[PDB]
Amino acid sequence: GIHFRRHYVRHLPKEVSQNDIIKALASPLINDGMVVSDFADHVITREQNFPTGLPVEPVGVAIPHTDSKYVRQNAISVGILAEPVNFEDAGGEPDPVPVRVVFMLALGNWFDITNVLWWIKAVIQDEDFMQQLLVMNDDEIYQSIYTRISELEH
Amino acid sequence: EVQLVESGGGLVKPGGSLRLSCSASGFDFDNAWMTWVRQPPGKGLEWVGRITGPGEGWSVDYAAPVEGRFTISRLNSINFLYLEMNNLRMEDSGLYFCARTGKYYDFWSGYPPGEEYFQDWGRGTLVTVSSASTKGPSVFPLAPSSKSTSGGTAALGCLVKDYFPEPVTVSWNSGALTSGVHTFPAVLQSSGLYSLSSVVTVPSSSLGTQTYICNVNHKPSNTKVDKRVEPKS
Amino acid sequence: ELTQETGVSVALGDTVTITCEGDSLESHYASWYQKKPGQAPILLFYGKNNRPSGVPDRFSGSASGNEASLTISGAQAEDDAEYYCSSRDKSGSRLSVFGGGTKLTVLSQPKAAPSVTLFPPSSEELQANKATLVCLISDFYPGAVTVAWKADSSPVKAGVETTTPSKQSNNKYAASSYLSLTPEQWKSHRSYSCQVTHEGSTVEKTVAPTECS
């Protein structure tokens, strides 16, 4: 299944770069041995080459990830950004994407990858739930996301 | 360079077993999904089954008509893929391919579990399931006649009947006659045995002077036949 | 579960579309393979818009409803081949499946009528309790013929074996047909006939038990 724990959610401040977000969101996954040590660096490498900016409304979303061979156990870490930060567009668009919600994926199983992308697609199209992600605290977000993830593994 | 090399194909009786091997090099085999595909004689490609990677715990899916009789496995330390086949049936006969399998999923329009595609293939190994026994051909002359002469040239040959298994080689005049020689691919009869024909087109103006001897060699039965084909009277 | 048309013909230099139909294509993309006899398949296209690099740009794939299509813009003589689609057998399935394959004929050569040669049973074979009519079909183009046998004038379906056509060394095609019958049947009728139809033209050879072999 997919490991999603309380310190896999965190709010991030106003002055963080794309690389800071990656490293922060990956820190607890490394610490828990969910991923290899240089996992953040491969996510940055993969992002520089295959961007994951989703310009959905009302809140921009990003799905940074790397290769499944760098994963030891399935996990997801979630980031809420104080200010919007720009990601390059996933559909090859030249315009950057403002993003306030980040789903870092550390999935080694193809069936989880597709189940999780499908779920994220339904989630960012829920205008209500997106607006909650911008006001809930970490314990609320962790409680809400956790029960939803559990609905995928079954 | 990617290389996939299948082995282990052969002849097997209905109800028996066979183990196919596929040696892989030039890519990250340990993390690759790998698929077996077969092509029955004169038929299309048929998906047989697929073994996944480490993240999926090397799980396997199988086509329905093969489920419970076939097992796919791998030995990553030596970069080998295997297909084990039990209770074989005549319809399992055909050419079995090894294929390195990619995964695809489009975020906005895809549906789980996306799609698998076959990005590198081996050349195949042939599986023949048949209760027939080794048997050498009977060889009958195909005499030239006025009916087998267009005008400038004449047609004569050898009928190579009821042998098994493939193949048989046919030469003329011990490999001295190559021009105008046409050995047709074998037909497989409902009996389980093969038949083919070799005909040579020769100068209409030479049938009385030139000898024509077809040399039939069937290695699987250790049989050689030499057969003079002449006009009949 | 994936249906393709048995065969299509295209003129050299034209554009042709090959399609594949199935319920699962409403949810999944198709991949496309070229195969020629005695050679490994080659992936041509997969997904929404993925052409593996090294595949010529004239190949392109598309999707609409329960159909997927491969388009070849400017068919070349190399493209004469069999084309297979592949996808999930059912939406959400972990299994895969191929379509039955489409044979694409690219007309890169003048049409050539088949040479037909029909041999009667040999007396040697008559002395064994068997008898074989041998109809050899050579040098035709394109590479599809149908063969019909006749006892006198009436047709016979029993004991016919026809090979699939095979490419000769000079790019034309060959096939052979065999009519097996008993020596009583052979001496019974006044003649037998092999009828080879090719591009609406039927050429017929005939042999008679009034001997010659």
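Each protein sequence line maps, in turn, to chains O, H and L. Quick note: the first sequence uses the deposited numbering, first residue 11, plus one each step. Under the deposited numbering, residues 1 to 52, 52A to 52C, 53 to 82, 82A to 82C, 83 to 100, 100A to 100L, 101 to 215 are what the second sequence spells out, in order. Under the deposited numbering, residues 3 to 9, 11 to 95, 95A to 95C, 96 to 213 are what the third sequence spells out, in order. For each residue, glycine too, the CB sits at the ideal point set by N, CA and C.
Taken in chain order, the complete alpha helix (DSSP H) segments of 4 or more residues contained in the region 52-100 of chain O number zero; there are none.
The region 146-157 of chain H makes no contact with the region 123-130 of chain H; the number of CB pairs closer than 8 Å stays below 3.
Under the DSSP assignment, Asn197 of chain H falls in the beta strand (DSSP E) whose first and last residues are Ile195 to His200. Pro155 of chain L is bridged by DSSP to L:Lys150. Taking a beta-carbon distance threshold of 9 Å, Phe77 of chain H does not count as an interface residue toward chain L.
DSSP places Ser23 of chain H within a strand segment (E or B) once states are collapsed to three. Contact check for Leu82C of chain H and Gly44 of chain H: beta-carbon distance about 20 Å, past the 8 Å limit, so the pair fails to qualify.
Secondary structure at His21 of chain O: strand, using DSSP grouped into helix, strand and coil. Residues of chain H with a Cβ closer than 8 Å to the Cβ of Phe121 of chain O are, in chain order, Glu53, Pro100F and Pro100G. In this chain, the beta strand (DSSP E) harbouring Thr68 of chain H covers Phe67 to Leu72.
Rounded to the nearest whole angstrom, the C-alpha separation of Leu39 of chain O and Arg50 of chain H is 31 Å. Taking the beta carbon of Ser78 of chain O as reference, the chain H residues within 9 Å of it are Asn31, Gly52A, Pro52B and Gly52C, listed in sequence order. Contact annotation, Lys205 of chain L with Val116 of chain L: C-beta distance approximately 5 Å; criterion of less than 8 Å satisfied. Put simply, of L:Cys88, L:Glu161, L:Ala43 and L:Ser30 the residue whose alpha carbon is nearest the alpha carbon of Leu178 of chain H is L:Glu161.
The region 81-98 of chain O and the region 27-43 of chain O touch, with no fewer than 3 CB-CB distances between them shorter than 8 Å. Taking C-alpha positions only, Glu1 of chain H is separated from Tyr32 of chain L by approximately 28 Å. Assigned with DSSP and collapsed to three states, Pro108 of chain O falls in strand. Non-local beta-carbon contacts of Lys39 of chain L in its own chain, meaning distances under 6 Å to residues more than five positions away in sequence, involve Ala84 in chain order.
Looking at the backbone, the Cα of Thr102 of chain L and that of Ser90 of chain L are separated by about 16 Å. Contact between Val106 of chain L and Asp82 of chain L holds, with the beta-carbon distance rounding to 5 Å and staying under 8 Å. Here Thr116 of chain H is near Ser203 of chain H, since their CB atoms are less than 9 Å apart.
For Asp30 of chain H, DSSP records no beta bridge to any residue.
For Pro123 of chain H, the nearest beta carbon of chain L is closer than 9 Å to its own beta carbon.
Nearest to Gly9 of chain L by alpha-carbon distance, out of L:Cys23, L:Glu3 and L:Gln168, is L:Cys23. Residue pairing for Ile137 of chain L: DSSP places it in a beta bridge opposite L:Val116 and L:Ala175. If the five residues before and after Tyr141 of chain L are omitted, its C-beta is found closer than 8 Å to the C-beta atoms of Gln109, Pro110, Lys111, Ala112, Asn171, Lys172 and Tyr173, all from its own chain and listed in chain order.
Judged by beta-carbon spacing, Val156 of chain L lies beyond the 9 Å limit of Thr197 of chain L, meaning their Cβ atoms are not closer than that value. Around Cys23 of chain L, no beta-carbon contact reaches into chain H at under 7 Å, the shortest distance being about 12 Å.
The alpha carbon of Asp100 of chain H has as its nearest neighbour, out of O:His13, O:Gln58 and O:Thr62, the alpha carbon of O:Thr62. One Cα belongs to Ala132 of chain O, the other to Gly100D of chain H, and the distance between them is close to 12 Å. The beta-carbon distance between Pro14 of chain H and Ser87 of chain H, rounded to whole angstroms, is 10 Å. This is too long to meet the 8 Å contact definition. Bridge partners of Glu100J of chain H according to DSSP: H:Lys97. When secondary structure is reduced to three states using DSSP, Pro123 of chain H falls in the strand class. For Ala36 of chain O, the uninterrupted alpha helix (DSSP H) run begins and ends at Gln28 to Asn41, by DSSP. Here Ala80 of chain L has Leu15, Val106 and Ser108 as same chain residues with Cβ atoms under 8 Å from its own Cβ, once five neighbours each way along the sequence are excluded.
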